[PDB]
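Written out below as structure tokens is the structure these notes cover.
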Amino acid sequence: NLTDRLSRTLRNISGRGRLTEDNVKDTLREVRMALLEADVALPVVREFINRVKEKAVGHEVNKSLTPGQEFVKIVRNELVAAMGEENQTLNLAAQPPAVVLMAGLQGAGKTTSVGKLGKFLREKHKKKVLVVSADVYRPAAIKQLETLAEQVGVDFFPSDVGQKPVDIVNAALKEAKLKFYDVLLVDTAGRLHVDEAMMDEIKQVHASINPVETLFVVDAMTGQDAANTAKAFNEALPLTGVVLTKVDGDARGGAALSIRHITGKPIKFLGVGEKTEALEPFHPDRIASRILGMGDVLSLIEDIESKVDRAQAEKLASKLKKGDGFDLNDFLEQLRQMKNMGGXXXXXXXXXXXXXXXXXXXXXXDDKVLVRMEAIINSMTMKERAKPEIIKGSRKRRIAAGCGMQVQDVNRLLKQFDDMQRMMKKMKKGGXXXXXXXXXXXXXXXXXXX
Amino acid sequence: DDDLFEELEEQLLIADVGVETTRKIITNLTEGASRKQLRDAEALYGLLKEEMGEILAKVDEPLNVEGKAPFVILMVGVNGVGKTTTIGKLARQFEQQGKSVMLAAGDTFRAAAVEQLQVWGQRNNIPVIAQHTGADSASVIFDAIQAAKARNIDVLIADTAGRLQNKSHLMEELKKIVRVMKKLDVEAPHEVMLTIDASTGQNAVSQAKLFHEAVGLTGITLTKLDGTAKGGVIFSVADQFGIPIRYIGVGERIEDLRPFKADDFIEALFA
Ligand SMILES: Nc1nc2c(ncn2[C@@H]2O[C@H](COP(=O)(O)OP(=O)(O)O)[C@@H](O)[C@H]2O)c(=O)[nH]1
Ligand SMILES: Nc1nc2c(ncn2[C@@H]2O[C@H](COP(=O)(O)OP(=O)(O)O)[C@@H](O)[C@H]2O)c(=O)[nH]1
Ligand code: ALF
Ligand code: ALF
Ligand SMILES: [Mg+2]
Ligand SMILES: [Mg+2]
């Protein structure tokens, strides 16, 4: 729907100009409504729209085929850039034990996240993990975390509803430091931003254990309240990251964009399922790619774009390799054009001042020499041509054995090619008239031939 | 006057009502205001409450558990909407006027769900039928209904496992549960409850859609309204699917369950 709406909008409003702010109105409105149906926070929607405007002012769109497609490309790039980077991971470098604190609303899946991160850090990172339940409120929450910990093979710290979260996490931290645990996972009760006592509680806990990692667990189906929750939780605690859960649903998941924008904290994890063994890393491009459904439209476009890309790549590379300078390719061309057009008898006539000093019969026969040169060049691979400085003795052996001649002749032609390269380089650096007039006839004295 | 349009639009958008329902409501409010020529804001608020009141007029039907032995209420919905807590509240709520209540644990998947519903059952001092984690849910619920018929239990609440609507196999499992429940009583379940979180966005439309296309939901419970989430999507699902709203949880405590009232919902909405 996005591509269709944008293409339709850019087509119906303006013809082919260079896109201007006046043409992006209905575009921005349709994108706005698209994000509103995506359950994205309205202020985030507006602040994104502003960036879309800033990118719309300078559009290079006119030179392409489909304006809506490249506009979609720009929006996707900006959105991915807004989602942050990849390979985001908790800091297990930390001085052990590493303390990870959980925060979020009720039924956010914080406990299941503790189980997932438990199995993940235990198996993959080879870490010794201790888990503890700070929840004295929710019935059988401690038993749940204990069960999950028993399933993932992670040691569990005993706790009950008769205790207090502070003493619980303090005893857990003490036990973690005493038994030399690598990672301390702290699960806490789901709480509302409108609750003062619970916020003071999680603040006292965060102050008590001083966690190196504070994770914010929010549902993917969360609505406009995600703004309030993200803001309040961000102002209450110095979040080190955000953990999104229930991404496997059909939900739009604009709440991720909301929290990411408002808090400014990166998303390090995406729950892909209910089970403990199911966890996925956060990929900005994957999340920013899909809120939609469609078919058969994007395939042809992606194909054509690929064709244009590979064509422009090959055509630019072909000019780039030939634009490096003078090589054995151009030398080969000049040599075949030589042997075809060879003017030795005529060039002896064309030259006047050089014939008065040098011998008249000193001119070598073009046919034999240039056939030898052509054939010897034909014994060379394309790499030794474009890059002549990689030629060594063994390659000279291959060449000489291939053409059925002596290596000294190969060295001779490499010398002549060196001379030609130097000369043509001097022609490229200076003027052809300054360089043609700079040509000098060397005489070692005023005596002829001495 | 455009500032009023923008303001009202933003107010309706931050309530998670949806753009379609917003378009409809704004349109009808525009026609109504143009017709009645209201020059004051209070009359605009009143007319708005009248329109949305007409939207909630169909869904105001209360739940009646009387007349059936037992009266089976199937609690369904997505993950973490607090179905179990709602059951824990409904236990005492149904215990108050003298109706005997028994609880059934239908979630054998999630950890310590059985133990949780056993805690909620202990708080209400009522028998709870469950077996073990990993057991067949339909069998447990079936045995619960049979026992309820033998024990002459007035009201039986049957829990279910948290399931996403996009998963078809779980839907087929729930359909199996219902089909099994059709054996003892043809009209069972008498009440199908969809528990929706207030923080839920437009996804609730799809949730209610598939759950209605599957289980044939006879009711909807909106919990977690003690936060800043007003759950305005309920207007959309009530518009499309016309499903009644039984109650609203105002908190985690057992006394936090209240009968759904349109006027109170309106009062809490704009505030
Ligand atoms: N599909 C899916 N379900 C999840 C995920 N995380 C949690 N859940 C569900 O959430 C339910 C319990 O949530 P819970 O962890 O007890 O809430 P919390 O302890 O307050 O964070 C479980 O039944 C899970 O099915 C997830 O990443 N994906
Ligand atoms: N504040 C508040 N919390 C709720 C409400 N309903 C449920 N909860 C919380 O949600 C938590 C877990 O929900 P749960 O019953 O396990 O989800 P479910 O069993 O999958 O439906 C419980 O600890 C409750 O405290 C509500 O209406 N208000
Ligand atoms: F349901 Al919780 F912390 F486990 F709110
Ligand atoms: F946490 Al549940 F069904 F009890 F998803
Ligand atoms: Mg928990
Ligand atoms: Mg449950």
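Going through the structure tokens in order, the chains are called A, B, and so on, while each chain numbers its residues from 1 and the ligands are numbered from 1 in the order shown.
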Exercise. Neighbours of residue A:19 within 12 Å (only C-alpha atoms; same-chain residues fewer than 2 positions away dropped), as an MDAnalysis selection string?
Worked result: chainID A and resid 9:11 13:17 21:25 27 53 55:64 67:68 71
Can you write out as JSON lines which residues of chain A fall within 9 Å of ligand 4, alongside each residue's closest atom pair and its distance in Å to one decimal, counting only C-alpha atoms and all ligand atoms and ordering rows by chain and ascending residue number?
```
{"residue": "A:107", "atom": "CA", "partner": "ligand 4", "partner_atom_place_in_ligand_line": "1 (F)", "distance": 6.8}
{"residue": "A:109", "atom": "CA", "partner": "ligand 4", "partner_atom_place_in_ligand_line": "1 (F)", "distance": 8.2}
{"residue": "A:274", "atom": "CA", "partner": "ligand 4", "partner_atom_place_in_ligand_line": "5 (F)", "distance": 8.6}
```
Problem set entry | Residue neighbourhood residue A:290, 10 Å, only C-alpha atoms, exclusion window fewer than 4 positions, as a ChimeraX atom specification | /A:76,252-253,285-286
Exercise. Mind listing the residues within 9 Å of ligand 3, only C-alpha atoms and all ligand atoms counted, as an NGL selection string?
Worked result: (:A and (103-112 or 134-135 or 137-142 or 144-145 or 187-191)) or (:B and (80 or 82))
Just to be explicit: take each residue in the selection above, keep C-alpha atoms, and write the result as a tab-separated table (two decimals), in the first residue's frame.
```
chain	number	residue	atom	x	y	z
A	103	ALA	CA	11.77	-3.20	34.06
A	104	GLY	CA	8.36	-2.87	32.42
A	105	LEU	CA	4.59	-3.09	32.85
A	106	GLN	CA	2.44	-6.06	33.86
A	107	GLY	CA	2.50	-9.09	31.57
A	108	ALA	CA	5.41	-7.65	29.59
A	109	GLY	CA	7.18	-11.01	29.55
A	110	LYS	CA	10.13	-9.91	31.69
A	111	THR	CA	10.42	-13.30	33.40
A	112	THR	CA	10.37	-15.26	30.14
A	134	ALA	CA	12.11	-9.73	43.15
A	135	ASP	CA	8.36	-10.17	42.68
A	137	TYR	CA	3.19	-9.61	44.38
A	138	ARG	CA	2.24	-11.84	41.46
A	139	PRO	CA	1.15	-15.36	42.54
A	140	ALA	CA	3.54	-18.18	41.54
A	141	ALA	CA	5.87	-15.74	39.76
A	142	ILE	CA	8.85	-16.93	41.80
A	144	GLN	CA	7.57	-19.61	37.41
A	145	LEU	CA	11.07	-18.11	37.28
A	187	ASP	CA	13.56	-10.28	37.55
A	188	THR	CA	11.20	-7.66	38.98
A	189	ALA	CA	7.44	-7.17	39.29
A	190	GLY	CA	5.55	-5.53	36.44
A	191	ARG	CA	4.59	-2.01	37.44
B	80	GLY	CA	-0.32	-11.27	29.42
B	82	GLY	CA	-4.44	-10.95	32.88
```
For this session: Would you mind writing down, as a ChimeraX atom specification, each residue of stretch 32-126 of chain B that DSSP on the backbone assigns to helix (DSSP H, G or I)?
Result: /B:32-36,41-55,83-95,113-123
Problem set entry | Residues of chain B within 9 Å of chain A, only C-alpha atoms counted, as a PyMOL selection string | chain B and resi 10+13-16+18-19+79-82+110-117+119-120+164-167+197-204+206+224+226-231+252
For this session: Check the DSSP output for the backbone and give back, as a ChimeraX atom specification, the residues of stretch 57-258 of chain A in strand (DSSP E or B).
Result: /A:98-104,129-133,155-157,183-187,213-219,222,241-245
Please, could you write that set of residues out with C-alpha atoms as an mmCIF file, in the first residue's frame?
```
data_model
loop_
_atom_site.group_PDB
_atom_site.id
_atom_site.type_symbol
_atom_site.label_atom_id
_atom_site.label_comp_id
_atom_site.auth_asym_id
_atom_site.auth_seq_id
_atom_site.Cartn_x
_atom_site.Cartn_y
_atom_site.Cartn_z
ATOM 1 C CA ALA A 98 27.299 -8.725 35.627
ATOM 2 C CA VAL A 99 23.981 -7.429 36.953
ATOM 3 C CA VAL A 100 21.010 -7.224 34.586
ATOM 4 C CA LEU A 101 17.898 -5.440 35.850
ATOM 5 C CA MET A 102 14.451 -5.889 34.302
ATOM 6 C CA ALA A 103 11.766 -3.205 34.061
ATOM 7 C CA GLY A 104 8.357 -2.866 32.424
ATOM 8 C CA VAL A 129 24.323 -17.328 35.673
ATOM 9 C CA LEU A 130 22.324 -16.748 38.857
ATOM 10 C CA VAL A 131 18.672 -15.710 38.648
ATOM 11 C CA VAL A 132 16.426 -14.222 41.327
ATOM 12 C CA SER A 133 12.784 -13.139 41.619
ATOM 13 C CA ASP A 155 20.878 -21.858 39.187
ATOM 14 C CA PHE A 156 18.034 -20.096 41.000
ATOM 15 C CA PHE A 157 18.161 -17.983 44.160
ATOM 16 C CA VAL A 183 26.005 -12.965 35.338
ATOM 17 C CA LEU A 184 23.280 -11.935 37.788
ATOM 18 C CA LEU A 185 19.785 -11.786 36.289
ATOM 19 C CA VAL A 186 17.251 -9.845 38.353
ATOM 20 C CA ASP A 187 13.561 -10.279 37.548
ATOM 21 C CA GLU A 213 22.507 -3.437 32.285
ATOM 22 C CA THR A 214 18.990 -2.053 32.712
ATOM 23 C CA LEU A 215 16.496 -3.502 30.237
ATOM 24 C CA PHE A 216 13.045 -2.139 29.416
ATOM 25 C CA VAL A 217 10.564 -4.852 28.443
ATOM 26 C CA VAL A 218 7.534 -3.637 26.483
ATOM 27 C CA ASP A 219 4.906 -5.526 24.469
ATOM 28 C CA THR A 222 1.433 -1.604 22.851
ATOM 29 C CA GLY A 241 18.579 -0.938 26.395
ATOM 30 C CA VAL A 242 15.066 -2.013 25.434
ATOM 31 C CA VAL A 243 13.711 -5.558 25.110
ATOM 32 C CA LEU A 244 10.761 -6.049 22.758
ATOM 33 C CA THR A 245 8.591 -9.147 23.178
#
```
